[PDB]
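S.K.: Please find coords34.cif (mmCIF, C-alpha atoms) on the next line:
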data_run
#
loop_
_atom_site.label_atom_id
_atom_site.label_comp_id
_atom_site.auth_asym_id
_atom_site.auth_seq_id
_atom_site.Cartn_x
_atom_site.Cartn_y
_atom_site.Cartn_z
CA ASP Y 1 0.00 0.00 0.00
CA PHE Y 2 2.97 2.28 0.59
CA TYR Y 3 6.56 2.88 -0.43
CA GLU Y 4 9.02 5.68 -1.16
CA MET Y 5 10.69 5.69 -4.55
CA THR Y 6 14.46 6.08 -4.50
CA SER Y 7 17.38 6.39 -6.88
CA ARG Y 8 18.58 2.82 -6.45
CA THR Y 9 15.63 1.06 -7.98
CA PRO Y 10 14.68 -0.67 -11.23
CA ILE Y 11 12.73 0.59 -14.22
CA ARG Y 12 10.12 -2.05 -14.87
CA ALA Y 13 8.30 -2.35 -11.56
CA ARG Y 14 7.84 1.42 -11.34
CA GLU Y 15 5.28 1.18 -14.13
CA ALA Y 16 3.09 -1.29 -12.29
CA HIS Y 17 3.52 0.65 -9.07
CA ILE Y 18 2.23 3.91 -10.45
CA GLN Y 19 -0.38 2.58 -12.84
CA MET Y 20 -1.83 0.27 -10.24
CA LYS Y 21 -1.60 3.16 -7.82
CA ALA Y 22 -3.67 5.71 -9.63
CA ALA Y 23 -6.04 3.34 -11.36
CA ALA Y 24 -6.73 1.70 -8.03
CA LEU Y 25 -8.10 5.12 -7.15
CA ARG Y 26 -11.32 6.33 -8.71
CA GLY Y 27 -14.39 8.34 -7.92
CA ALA Y 28 -13.43 9.58 -4.48
CA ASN Y 29 -13.06 13.34 -4.67
CA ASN Y 30 -11.21 16.12 -2.90
CA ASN Y 31 -14.77 17.30 -2.08
CA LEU Y 32 -13.64 19.61 0.69
CA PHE Y 33 -16.53 20.56 2.90
CA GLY Y 34 -19.30 18.74 4.70
CA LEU Y 35 -21.96 21.04 6.10
CA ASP Y 36 -22.12 23.86 8.60
CA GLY Y 37 -23.39 23.92 12.17
CA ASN Y 38 -25.38 27.12 12.34
CA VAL Y 39 -28.65 25.66 11.14
CA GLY Y 40 -31.60 27.81 12.12
CA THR Y 41 -34.33 27.21 9.60
CA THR Y 42 -36.03 30.31 11.05
CA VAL Y 43 -35.27 33.53 12.89
CA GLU Y 44 -36.19 34.24 16.48
CA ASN Y 45 -39.55 35.96 16.80
CA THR Y 46 -38.77 38.40 19.63
CA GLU Y 47 -42.37 39.11 20.61
CA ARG Y 48 -44.83 38.38 23.41
CA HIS Y 49 -47.96 36.32 23.90
CA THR Y 50 -50.75 37.85 25.93
CA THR Y 51 -54.45 37.17 26.34
CA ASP K 1 33.05 -43.78 -43.86
CA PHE K 2 36.24 -42.73 -42.11
CA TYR K 3 40.01 -43.00 -42.30
CA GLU K 4 43.17 -40.97 -41.70
CA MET K 5 45.56 -40.59 -44.60
CA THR K 6 49.19 -41.37 -43.83
CA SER K 7 52.59 -41.35 -45.49
CA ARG K 8 52.76 -45.09 -46.03
CA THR K 9 49.93 -45.42 -48.49
CA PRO K 10 49.40 -45.86 -52.23
CA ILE K 11 48.60 -43.34 -54.93
CA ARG K 12 45.68 -44.80 -56.79
CA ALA K 13 43.09 -45.40 -54.08
CA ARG K 14 43.50 -41.86 -52.76
CA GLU K 15 41.71 -40.58 -55.85
CA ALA K 16 38.62 -42.67 -55.26
CA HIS K 17 38.71 -41.87 -51.57
CA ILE K 18 38.61 -38.13 -52.02
CA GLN K 19 36.42 -37.94 -55.09
CA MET K 20 33.87 -40.30 -53.63
CA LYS K 21 34.19 -38.35 -50.41
CA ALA K 22 33.29 -34.91 -51.62
CA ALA K 23 30.92 -35.92 -54.37
CA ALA K 24 29.07 -38.09 -51.89
CA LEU K 25 28.39 -34.78 -50.19
CA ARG K 26 26.03 -32.28 -51.78
CA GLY K 27 23.43 -29.73 -50.89
CA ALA K 28 23.80 -29.78 -47.12
CA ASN K 29 25.09 -26.39 -46.04
CA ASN K 30 27.07 -24.86 -43.21
CA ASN K 31 23.80 -22.93 -42.63
CA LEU K 32 24.75 -21.87 -39.12
CA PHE K 33 21.72 -20.71 -37.22
CA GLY K 34 18.25 -22.02 -36.56
CA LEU K 35 15.96 -19.48 -34.94
CA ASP K 36 15.87 -17.50 -31.73
CA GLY K 37 13.84 -18.00 -28.58
CA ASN K 38 12.69 -14.51 -27.71
CA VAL K 39 9.55 -14.56 -29.82
CA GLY K 40 7.06 -11.95 -28.69
CA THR K 41 4.95 -11.02 -31.67
CA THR K 42 3.75 -8.04 -29.60
CA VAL K 43 4.79 -5.80 -26.73
CA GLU K 44 3.23 -5.82 -23.29
CA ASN K 45 0.40 -3.32 -22.98
CA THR K 46 1.04 -2.05 -19.43
CA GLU K 47 -2.42 -0.58 -18.86
CA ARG K 48 -5.58 -1.24 -16.87
CA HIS K 49 -9.14 -2.31 -17.57
CA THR K 50 -11.88 -0.60 -15.63
CA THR K 51 -15.63 -0.22 -16.05
#
Could you write out this file's structure as structure tokens?
M.R.:
Amino acid sequence: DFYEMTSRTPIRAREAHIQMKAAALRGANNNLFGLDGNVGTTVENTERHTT
Amino acid sequence: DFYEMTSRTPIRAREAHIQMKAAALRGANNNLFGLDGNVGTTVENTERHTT
């Protein structure tokens, strides 16, 4: 799942490493944000009930 | 089929030995090489299938 490429390494296997890396990814997005907390579907009324 | 000429031997029979030697050969050639092993009619693709 993980490795660090270095300058002592062969040519061939690099191809499979990178191809199978990126192609093994798909669909999942950077898709930064979720949703926010301040969720008041309405505003306070600021009034009074009386008879 | 085989013999080694030597310096104790007659004159006459040598003629038949050598003529019938070489003329009994024909057609077959030095024809060094056969064919090589590395037989890839194509190159590896080095890709991926996905949906």
S.K.: Using Å and a single decimal, report how far atom CA of residue K:34 sits from atom CA of residue K:1.
M.R.: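 Those two atoms sit 27.3 Å apart.
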S.K.: Report chain Y as a JSON list (two decimals) with C-alpha atoms, keeping the file's coordinate frame in the frame of chain K, after least-squares superposition over all C-alpha atoms paired in order.
M.R.:
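To be explicit, this is the file written out as part.json:
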[["chain", "number", "residue", "atom", "x", "y", "z"],
["Y", 1, "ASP", "CA", 33.05, -43.78, -43.86],
["Y", 2, "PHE", "CA", 36.25, -42.74, -42.11],
["Y", 3, "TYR", "CA", 40.01, -43.00, -42.30],
["Y", 4, "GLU", "CA", 43.17, -40.98, -41.70],
["Y", 5, "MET", "CA", 45.56, -40.58, -44.59],
["Y", 6, "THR", "CA", 49.19, -41.37, -43.82],
["Y", 7, "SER", "CA", 52.59, -41.34, -45.48],
["Y", 8, "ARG", "CA", 52.76, -45.09, -46.03],
["Y", 9, "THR", "CA", 49.93, -45.42, -48.49],
["Y", 10, "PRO", "CA", 49.41, -45.87, -52.23],
["Y", 11, "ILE", "CA", 48.60, -43.34, -54.93],
["Y", 12, "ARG", "CA", 45.67, -44.81, -56.80],
["Y", 13, "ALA", "CA", 43.09, -45.40, -54.09],
["Y", 14, "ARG", "CA", 43.50, -41.86, -52.75],
["Y", 15, "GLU", "CA", 41.71, -40.58, -55.85],
["Y", 16, "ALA", "CA", 38.62, -42.67, -55.26],
["Y", 17, "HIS", "CA", 38.71, -41.86, -51.57],
["Y", 18, "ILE", "CA", 38.61, -38.13, -52.02],
["Y", 19, "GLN", "CA", 36.42, -37.93, -55.09],
["Y", 20, "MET", "CA", 33.87, -40.30, -53.63],
["Y", 21, "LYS", "CA", 34.19, -38.35, -50.41],
["Y", 22, "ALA", "CA", 33.29, -34.92, -51.62],
["Y", 23, "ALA", "CA", 30.92, -35.92, -54.37],
["Y", 24, "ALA", "CA", 29.07, -38.09, -51.89],
["Y", 25, "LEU", "CA", 28.39, -34.77, -50.19],
["Y", 26, "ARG", "CA", 26.03, -32.29, -51.78],
["Y", 27, "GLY", "CA", 23.43, -29.73, -50.89],
["Y", 28, "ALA", "CA", 23.80, -29.78, -47.12],
["Y", 29, "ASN", "CA", 25.09, -26.39, -46.04],
["Y", 30, "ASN", "CA", 27.07, -24.87, -43.21],
["Y", 31, "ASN", "CA", 23.80, -22.93, -42.63],
["Y", 32, "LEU", "CA", 24.75, -21.88, -39.13],
["Y", 33, "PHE", "CA", 21.72, -20.71, -37.22],
["Y", 34, "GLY", "CA", 18.25, -22.02, -36.56],
["Y", 35, "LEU", "CA", 15.96, -19.48, -34.94],
["Y", 36, "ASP", "CA", 15.88, -17.50, -31.73],
["Y", 37, "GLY", "CA", 13.84, -18.00, -28.58],
["Y", 38, "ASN", "CA", 12.69, -14.51, -27.71],
["Y", 39, "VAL", "CA", 9.55, -14.55, -29.82],
["Y", 40, "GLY", "CA", 7.06, -11.95, -28.69],
["Y", 41, "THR", "CA", 4.96, -11.02, -31.67],
["Y", 42, "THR", "CA", 3.75, -8.04, -29.59],
["Y", 43, "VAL", "CA", 4.79, -5.80, -26.73],
["Y", 44, "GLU", "CA", 3.23, -5.82, -23.29],
["Y", 45, "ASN", "CA", 0.40, -3.31, -22.98],
["Y", 46, "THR", "CA", 1.03, -2.05, -19.43],
["Y", 47, "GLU", "CA", -2.42, -0.57, -18.86],
["Y", 48, "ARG", "CA", -5.58, -1.24, -16.87],
["Y", 49, "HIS", "CA", -9.14, -2.31, -17.57],
["Y", 50, "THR", "CA", -11.89, -0.60, -15.63],
["Y", 51, "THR", "CA", -15.63, -0.22, -16.05]]
S.K.: Just so the selection is clear, what residues does the PyMOL selection byres ((chain Y) within 8 of (chain K)) cover here, as a list in words?
M.R.: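 Applying the expression gives residues 15, 16, 19, 20 and 23 of chain Y.
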S.K.: So the first atom is atom CA of residue Y:21 and the second is atom CA of residue Y:9; what is the distance between them in Å, to one decimal place?
M.R.: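 So the answer is 17.4 Å.
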S.K.: Applying 12 Å and only C-alpha atoms, which residues near residue K:4 remain after dropping the ones on its own chain fewer than 4 positions away? List them as a short mmCIF file (atom, residue, chain, number, x, y, z; two decimals) with C-alpha atoms, in the frame of the given file.
M.R.:
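Written file, out_10.cif:
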data_model
loop_
_atom_site.label_atom_id
_atom_site.label_comp_id
_atom_site.auth_asym_id
_atom_site.auth_seq_id
_atom_site.Cartn_x
_atom_site.Cartn_y
_atom_site.Cartn_z
CA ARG K 8 52.76 -45.09 -46.03
CA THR K 9 49.93 -45.42 -48.49
CA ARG K 14 43.50 -41.86 -52.76
CA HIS K 17 38.71 -41.87 -51.57
CA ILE K 18 38.61 -38.13 -52.02
#
S.K.: Quick check, in Å to one decimal: how far apart do atom CA of residue Y:10 and atom CA of residue K:45 lie?
M.R.: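 Taking atom CA of residue Y:10 and atom CA of residue K:45, their separation equals 18.7 Å.
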